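Undergrad: Taken in sequence, the protein lines are chains 1 and AA.
Under PDB author numbering, the first residue of the first sequence is numbered 105, with each subsequent residue one higher.
Under PDB author numbering, the first residue of the second sequence is numbered 157, with each subsequent residue one higher.
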Amino acid sequence: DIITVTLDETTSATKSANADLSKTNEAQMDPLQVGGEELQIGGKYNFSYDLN
Amino acid sequence: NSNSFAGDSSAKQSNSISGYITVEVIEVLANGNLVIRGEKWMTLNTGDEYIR
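Below, the structure written as structure tokens:
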């Protein structure tokens with residue numbers, strides 16, 4: 105038996121995925137000055153730091 | 157003299173999901189509540205995604 109087929113096909117598929125991570129640090133301190141002079145810890149260490 | 161201080165903190169969080177998932181009842185509780193569970197896998201071109 106003869107049967108006619110209408111070819112009408114349309115398929116479409118998409119997918120996506122993304123990720124992000126970020127972190128930052130910034131800590132800075134000038135040498136501490138008390139009494140007109142620069143404070144010293146130990147023998148050669150200041151009250152200062154720098155992180156980045 | 158001049159003294160000054162300023163300190164702040166912040167946080168933020170959000171999420172969203174949109175879609176459909178068909179599950180089945182795996183257990184019936186004493187009060188008639190239904191414990192449900194199911195998974196759904198889709199391979200579109202390359203790579204498998206799942207919803208659980």
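All C-beta atoms in this analysis are idealised placements derived from N, C-alpha and C, irrespective of residue type, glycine included.
1. For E183 (chain AA), collect the residues of the same chain with a Cβ closer than 6 Å to its Cβ; drop the 5 residues on either side in sequence, then sort them by chain order.
2. Can you name the start and end residues of the beta strand (DSSP E) that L155 (chain 1) belongs to?
3. By DSSP's criteria, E205 (chain AA) is part of a beta bridge. Which residues make up the other side?
4. For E141 (chain 1), name the three-state secondary structure that DSSP assigns.
5. Between which residues of its own chain and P135 (chain 1) is the CB-CB distance below 7 Å, once the five residues before and five after are set aside?
6. Of all the options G188 (chain AA), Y206 (chain AA) and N187 (chain AA), which has the alpha carbon lying nearest to the alpha carbon of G194 (chain AA)?
TA: Once the coordinates are examined:
1. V191
2. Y153 to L155
3. Bridge partners of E205 (chain AA): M198 (chain AA).
4. In the structure shown, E141 (chain 1) sits in a strand (DSSP, three-state: E or B).
5. If the five residues before and after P135 (chain 1) are omitted, its C-beta is found closer than 7 Å to the C-beta atoms of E142, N150, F151 and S152, all from its own chain and listed in chain order.
6. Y206 (chain AA)
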